[PDB]
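*Asks:* With the input below, show me the fold.
(one chain, ligands or ions: 1)
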Amino acid sequence: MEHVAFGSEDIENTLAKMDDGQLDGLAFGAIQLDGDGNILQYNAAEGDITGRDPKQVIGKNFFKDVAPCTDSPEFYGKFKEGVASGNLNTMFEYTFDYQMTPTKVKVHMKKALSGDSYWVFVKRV
Ligand SMILES: *C(=O)/C=C\c1ccc(O)cc1
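*Replies:* Numbers count the residues shown, from 1 in each chain. The protein structure is shown below:
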(Lines give C-alpha, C1' and ligand atoms only; values in the text may rest on other atoms or scores of the structure.)
Protein backbone atom coordinates (compact mmCIF):
# COMPACT_ATOMS: atom_id res chain seq x y z
CA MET A 1 0.00 0.00 0.00
CA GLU A 2 1.28 3.42 -1.06
CA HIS A 3 0.84 5.65 1.99
CA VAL A 4 -0.74 8.76 0.48
CA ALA A 5 -3.94 10.24 1.93
CA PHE A 6 -6.98 11.28 -0.07
CA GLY A 7 -7.18 15.09 -0.28
CA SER A 8 -3.53 15.76 0.63
CA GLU A 9 -2.56 19.33 -0.30
CA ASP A 10 0.68 18.16 -1.95
CA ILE A 11 -0.76 15.04 -3.59
CA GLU A 12 0.37 16.11 -7.07
CA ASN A 13 4.00 16.33 -5.92
CA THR A 14 3.81 12.93 -4.22
CA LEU A 15 2.11 11.25 -7.18
CA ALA A 16 4.62 12.66 -9.66
CA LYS A 17 7.02 9.83 -8.77
CA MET A 18 4.57 6.94 -9.13
CA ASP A 19 4.57 4.50 -12.04
CA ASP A 20 1.31 2.76 -12.95
CA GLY A 21 2.56 -0.05 -10.71
CA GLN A 22 2.96 2.17 -7.65
CA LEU A 23 -0.32 3.92 -8.44
CA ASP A 24 -2.16 0.64 -7.94
CA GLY A 25 -1.10 0.73 -4.29
CA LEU A 26 -3.24 3.74 -3.42
CA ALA A 27 -6.18 3.42 -1.04
CA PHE A 28 -8.30 5.46 -3.49
CA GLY A 29 -9.24 5.69 -7.15
CA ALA A 30 -6.85 7.62 -9.36
CA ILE A 31 -7.32 8.55 -13.03
CA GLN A 32 -4.94 10.67 -15.12
CA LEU A 33 -6.54 12.70 -17.87
CA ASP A 34 -4.95 14.79 -20.60
CA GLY A 35 -6.21 18.21 -21.69
CA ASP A 36 -8.74 16.58 -24.03
CA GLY A 37 -10.19 14.16 -21.48
CA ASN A 38 -8.34 11.06 -22.69
CA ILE A 39 -7.25 8.57 -20.05
CA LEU A 40 -3.51 8.33 -19.49
CA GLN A 41 -3.75 6.43 -16.18
CA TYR A 42 -6.55 4.55 -14.42
CA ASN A 43 -5.68 2.51 -11.34
CA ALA A 44 -6.96 -0.74 -9.94
CA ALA A 45 -8.75 1.01 -7.05
CA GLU A 46 -11.08 3.02 -9.31
CA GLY A 47 -11.75 -0.20 -11.30
CA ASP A 48 -12.90 -1.81 -8.09
CA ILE A 49 -15.44 0.98 -7.83
CA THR A 50 -16.62 1.22 -11.45
CA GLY A 51 -15.92 -2.31 -12.62
CA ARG A 52 -13.81 -1.02 -15.52
CA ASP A 53 -10.70 -2.94 -16.60
CA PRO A 54 -7.97 -0.32 -16.14
CA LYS A 55 -5.70 -1.43 -18.98
CA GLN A 56 -8.75 -1.48 -21.26
CA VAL A 57 -9.94 2.11 -20.79
CA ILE A 58 -6.50 3.69 -21.19
CA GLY A 59 -6.41 5.88 -24.27
CA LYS A 60 -10.18 6.27 -24.39
CA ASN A 61 -12.08 9.51 -23.89
CA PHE A 62 -13.43 9.61 -20.33
CA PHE A 63 -16.22 12.17 -20.70
CA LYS A 64 -17.25 10.78 -24.06
CA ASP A 65 -16.98 7.00 -23.70
CA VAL A 66 -15.76 5.74 -20.31
CA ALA A 67 -17.88 7.84 -17.96
CA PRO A 68 -20.69 9.66 -19.79
CA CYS A 69 -22.32 10.14 -16.38
CA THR A 70 -19.62 12.75 -15.68
CA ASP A 71 -20.68 14.65 -18.85
CA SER A 72 -22.44 17.48 -17.05
CA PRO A 73 -21.75 21.05 -15.92
CA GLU A 74 -21.34 19.63 -12.38
CA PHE A 75 -18.35 17.50 -13.41
CA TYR A 76 -17.32 18.00 -17.01
CA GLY A 77 -17.99 21.72 -16.59
CA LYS A 78 -15.35 22.16 -13.90
CA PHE A 79 -12.72 20.06 -15.63
CA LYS A 80 -12.86 22.00 -18.89
CA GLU A 81 -12.91 25.30 -17.01
CA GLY A 82 -9.89 24.20 -14.99
CA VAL A 83 -8.12 23.10 -18.18
CA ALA A 84 -8.87 26.42 -19.86
CA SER A 85 -7.74 28.50 -16.88
CA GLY A 86 -4.62 26.38 -16.44
CA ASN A 87 -5.49 25.45 -12.85
CA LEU A 88 -7.97 23.27 -10.95
CA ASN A 89 -8.54 22.18 -7.33
CA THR A 90 -12.08 21.08 -6.44
CA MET A 91 -13.77 18.52 -4.21
CA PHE A 92 -17.38 17.36 -4.38
CA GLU A 93 -19.65 14.40 -3.97
CA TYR A 94 -21.06 12.53 -6.93
CA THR A 95 -22.78 9.32 -8.04
CA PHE A 96 -21.49 7.03 -10.80
CA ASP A 97 -24.45 5.18 -12.38
CA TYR A 98 -23.53 4.17 -15.93
CA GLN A 99 -23.65 0.40 -16.46
CA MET A 100 -23.24 -0.10 -12.69
CA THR A 101 -25.04 0.04 -9.34
CA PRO A 102 -25.43 3.71 -8.33
CA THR A 103 -22.42 4.27 -6.09
CA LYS A 104 -22.23 7.53 -4.13
CA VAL A 105 -18.60 8.63 -4.23
CA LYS A 106 -16.39 11.61 -3.45
CA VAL A 107 -14.42 13.12 -6.34
CA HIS A 108 -11.28 15.25 -6.10
CA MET A 109 -9.92 16.97 -9.20
CA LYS A 110 -6.63 18.86 -9.39
CA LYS A 111 -4.09 19.82 -12.06
CA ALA A 112 -0.95 17.70 -12.02
CA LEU A 113 2.54 19.08 -11.54
CA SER A 114 2.83 18.29 -15.25
CA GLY A 115 1.73 20.79 -17.90
CA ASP A 116 -1.40 19.37 -19.53
CA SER A 117 -2.21 16.48 -17.20
CA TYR A 118 -5.06 16.33 -14.70
CA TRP A 119 -5.94 14.02 -11.84
CA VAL A 120 -9.27 12.55 -10.84
CA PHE A 121 -9.27 11.03 -7.37
CA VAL A 122 -12.23 8.90 -6.29
CA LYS A 123 -13.31 7.41 -2.97
CA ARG A 124 -16.45 5.71 -1.64
CA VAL A 125 -18.64 7.80 0.66
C1 LIG B 1 -20.27 7.77 -14.08
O2 LIG B 1 -19.12 8.28 -13.90
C3 LIG B 1 -20.29 6.41 -14.40
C4 LIG B 1 -19.30 5.50 -14.49
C5 LIG B 1 -17.94 5.53 -14.40
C6 LIG B 1 -17.14 4.89 -15.34
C7 LIG B 1 -15.75 4.94 -15.23
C8 LIG B 1 -15.15 5.64 -14.19
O9 LIG B 1 -13.82 5.69 -14.00
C10 LIG B 1 -15.96 6.29 -13.26
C11 LIG B 1 -17.32 6.22 -13.36
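*Asks:* The closest residue to the ligand within the chain: how many residues sit nearby?
*Replies:* Across the chain, no residue is closer to the ligand than residue 69, which sits at 2.9 Å (CB to the nearest ligand atom). Where C-beta positions appear, they are placed from N, C-alpha and C, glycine not excepted. Using other CB atoms under 10 Å, residue 69 has 18 neighbouring residues.
*Asks:* Run through the residues that contact it.
*Replies:* Listed by CB atoms under 8 Å, 6 or more residues apart in numbering, the contact partners of residue 69 are 95, 96, 97, 98.
*Asks:* quick one: is the strand or helix carrying residue 106 near the ligand?
*Replies:* Here residue 106, judged by DSSP states H and E, is contained in strand 103-111. No: judged by CB under 6 Å from any ligand atom, strand 103-111 stays clear of the ligand, getting no closer than 8.1 Å.
*Asks:* do the longest helix along the chain and the ligand meet?
*Replies:* Selection of the longest helix in the chain by residue count, based on DSSP state H, yields helix 76-85. No: judged by CB under 6 Å from any ligand atom, helix 76-85 and the ligand are separated, with a smallest distance of 10.3 Å.
*Asks:* Could you list every helix and strand that that helix packs against?
*Replies:* In terms of contacts (3 or more CB pairs under 8 Å, 6 or more residues apart in numbering; DSSP states H and E), helix 76-85 is packed against strand 103-111, strand 117-124.
*Asks:* List the buried residues of the first one.
*Replies:* By neighbour count on 16 or more other CB atoms under 10 Å, the buried set for strand 103-111 is 105, 106, 107, 108, 109, 110, 111.
*Asks:* try stretch 114-125
*Replies:* The neighbour-count check on stretch 114-125 (16+ other CB under 10 Å) flags 117, 118, 119, 120, 121, 122, 123 as buried.
*Asks:* now stretch 25-33
*Replies:* Going by neighbour count (16+ other CB under 10 Å), the buried part of stretch 25-33 is 26, 28, 29, 30, 31, 32, 33.
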